[PDB]
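In the order they appear, the protein sequences are chains U and B. Start counting the first sequence at 1; every next residue gets the next number (the numbering used here). Start counting the second sequence at 1001; every next residue gets the next number (the numbering used here). Even for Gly, the Cβ is constructed at its ideal location relative to N, Cα and C. Shown next, in structure tokens, is the structure this report addresses.
Number of protein chains: 2
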Amino acid sequence: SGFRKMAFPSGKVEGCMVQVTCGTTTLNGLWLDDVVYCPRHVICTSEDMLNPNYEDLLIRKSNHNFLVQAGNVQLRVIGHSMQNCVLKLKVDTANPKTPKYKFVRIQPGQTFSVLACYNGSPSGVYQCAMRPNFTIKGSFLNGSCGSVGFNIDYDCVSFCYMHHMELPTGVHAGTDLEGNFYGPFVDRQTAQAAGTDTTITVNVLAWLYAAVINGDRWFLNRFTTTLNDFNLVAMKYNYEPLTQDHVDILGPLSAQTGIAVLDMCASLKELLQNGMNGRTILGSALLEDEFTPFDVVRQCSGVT
Amino acid sequence: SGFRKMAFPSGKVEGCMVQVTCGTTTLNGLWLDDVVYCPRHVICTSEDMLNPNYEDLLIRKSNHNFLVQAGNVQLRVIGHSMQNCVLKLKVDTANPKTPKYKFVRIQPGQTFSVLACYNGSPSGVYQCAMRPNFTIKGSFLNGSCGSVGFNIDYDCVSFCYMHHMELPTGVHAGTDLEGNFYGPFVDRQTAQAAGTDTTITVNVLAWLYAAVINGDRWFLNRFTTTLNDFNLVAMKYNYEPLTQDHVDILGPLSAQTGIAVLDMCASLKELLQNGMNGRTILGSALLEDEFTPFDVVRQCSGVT
Ligand SMILES: Cc1cnncc1NC(=O)Cc1cccc(Cl)c1
Ligand SMILES: Cc1cnncc1NC(=O)Cc1cccc(Cl)c1
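See below:
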């Protein structure tokens, strides 16, 4: 029992972290097999960042200008290429600590662990969700660029995120490992609008099921609702409209607790319309949306 | 910017995790140098746990009865000894992945990362605080015993906790790595009282300083207080009485923000007496006490 915002063990990702320096800019790289992945803004100076022409900037760089350091060993760069907003530096040495891995593009509302790094060194790990508006509310400082987001299925690391920037509002934006930004964001020092965000309804319901499993039950009521009635309340409160697909993925949780998904929806409706009344659920005084139904199943059953 | 409940990168601890089986009970062991540490209840059966005589139980066990498995390799047990509530199994092989490490006994209110494991496999990592009453509010299931709590200073892992049990109230109890329980707890299947808990005042103030650093400022007021006036409010709200030692460790945060500690105390006093008024601080609707002043400095400055 007990429910925590648990991150994946970051070990397989720590062995992949390197420091990449180009000119006077230092950031984090991800060394997998004989390739190092990093944000393409490693080639820019402060003045370049206002409106960079990356193709022009990269033309003035040679293999020897990219300094890649794996803690104490220096890697030899034998090739470089830009793919979208990432640079791929071919090294002459395959990383001995390369785990089994995949590059995946995650969906909004999905969750992942972030290994925050500075100068190629791991500082900490935390679990986060990709917001419906494609931003993440992380904890990133200058030097954290190139830190990655990932998920792990047994021995396979699915890299889903690489950190690129902090928006003027303090929220974060990055790309998948092919360098495509999540969201409308561009790697330029300009004010950029992040879309209207919503709360991830399915995750809040999964989190309500986790609370029932662990003993927090005061919010359960004698009511029920329909998807259409619930979605009118979700609309008023800026919650993602609930679909049958969401109801289907909540099935294992509904089955284990014996509380039908629309009955749980009715508890969420009363919580939205009346607040928590100065009470807590799994140590929180607000409705948590950073646990997917999958995350609740995994934690509640003890999957390693 | 941004503030997250960040855990230490768990890599150096994952390389130390092993599975320990004795008879029909399986749990987690910690392999450091040529010694494996695990809870002593690995030698008990369900019937034994009601009132175990550990010395008697251990006498019927030989080196060959302790099965220690490091993933795929089997370790050869050449000695066994009980120290308080832990068993130390001497193996003939020093763990090649042993990091630089220390065994430390932490103080109540201090924080650490927990690497939850099942059958010697790491499932996830999360940050937690040792409650003033010596319990932890973790996320532990059957099989998690022997999972450890730790802190990391550059290349040194300070092991501070080993998980032993779940109290009837769903809260957790364990020992330091010398097998001494934190708190009055005993490794027996009996109902055991955990003392009255309090909120870690110094950590809540550190967390208020983190909120100021990251932009959440609405709670700052035109008031001030004294340690004596503040402690009367801390008494009414079951907060740990603030001392000059706590005021001294908040110094770096007070210095960086320019908000005197007693001025921050006055903000906390108004928050305790008036609640959050349906607002949030660093994404929380309650007063967070799981970040020490040290944790705030480290995260806010980017220490790896
Ligand atoms: C300062 C900072 C803090 N946290 N995370 C990232 C940070 N760095 C940047 O955002 C630098 C940068 C500027 C403009 C565009 C891009 Cl792609 C990158
Ligand atoms: C079931 C469980 C869940 N979470 N964490 C630990 C768990 N196991 C136990 O507490 C087993 C046990 C019983 C009595 C005394 C001791 Cl020392 C240990």
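Asked, Found
"Inter-residue spacing [alpha-carbon to alpha-carbon] between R1131/B and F1223/B", "30 Å"
"Any non-hydrogen atom of ligand 1 closer than 7 Å to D1216/B Cβ", "no"
"Minimum Cβ-Cβ distance from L1286/B to chain U less than 8 Å", "yes"
"Exposure of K1102/B, with buried meaning 16 or more beta-carbon neighbours within 10 Å", "exposed"
"Under the three-state DSSP convention, the category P252/U falls into", "helix"
"Contacts around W31/U, its chain only, beta-carbon distance under 6 Å, and the 5 residues preceding and following it disregarded", "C16, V18 and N95"
"Heavy atoms of ligand 1 versus C-beta positions, residues under 7 Å", "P39/U, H41/U, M49/U, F140/U, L141/U, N142/U, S144/U, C145/U, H163/U, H164/U, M165/U, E166/U, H172/U, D187/U, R188/U, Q189/U and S1001/B"
"Beta carbon of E290/U nearer than 8 Å to that of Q127/U", "yes"
"Nearest neighbour of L1272/B, chosen from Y1237/B, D1295/B and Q1244/B [CA to CA]", "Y1237/B"
"Chain B within 8 Å of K137/U, Cβ atoms only", "yes"
"For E1047/B and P1293/B, the rounded distance between their alpha carbons", "45 Å"
"Cβ pair count under 8 Å reaching 3, the segment 1190 to 1197 of chain B against the segment 1133 to 1147 of chain B", "yes"
"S1139/B - DSSP class collapsed to helix/strand/coil", "coil"
"6 Å CB neighbourhood of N1180/B in its chain, flanking five on each side removed", "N1084"
"Sheet register partners of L1075/B (DSSP bridge)", "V1068/B"
"Cα-Cα separation, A70/U to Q1189/B", "49 Å"
"Minimum C-alpha distance to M1162/B - residue among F1219/B, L1115/B, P1108/B and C1265/B", "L1115/B"
"Nearest-angstrom Cα separation, counted from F1003/B out to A1210/B", "7 Å"
"Boundaries (first-last residue) of the beta strand (DSSP E) holding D1153/B", "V1148 to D1153"
"Other residues of its chain near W1218/B: CB distance less than 7 Å, five sequence neighbours each side excluded", "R1279"
"Cβ contact (3+ pairs, closer than 8 Å) linking the segment 1259 to 1268 of chain B and the segment 1226 to 1237 of chain B", "yes"
"Rounded C-alpha distance that separates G1251/B from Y118/U", "25 Å"
"Any chain U beta carbon closer than 8 Å to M1006/B", "yes"
"Neighbour-count burial assignment, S81/U, 16 or more Cβ in a 10 Å radius", "exposed"
"Straight-line gap, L1286/B to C22/U (C-alpha atoms, nearest Å)", "44 Å"
"Cα-Cα separation between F1159/B and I59/U, rounded to whole angstroms", "49 Å"
"Separation of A1206/B from residue 965/B, as counted between CA atoms", "Nothing about residue 965/B can be read from this structure; chain B reaches only from 1001 to 1304."
"Per-residue DSSP class, three states only, for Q299/U", "helix"
"Distance CB(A191/U)-CB(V1125/B) smaller than 8 Å", "no"
"DSSP beta-bridge partners of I281/U", "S284/U"
"Spatial distance of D1153/B from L1220/B (CA atoms)", "33 Å"
"Strand pairing of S81/U, partner residues [DSSP]", "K88/U"
"Alpha-carbon to alpha-carbon, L242/U and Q107/U", "16 Å"
"Cβ neighbour criterion (16 or more within 10 Å) applied to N1151/B", "buried"
"Cutoff 8 Å: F1185/B Cβ touching any chain U Cβ", "no"
"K1100/B in three-state terms, based on DSSP", "strand"
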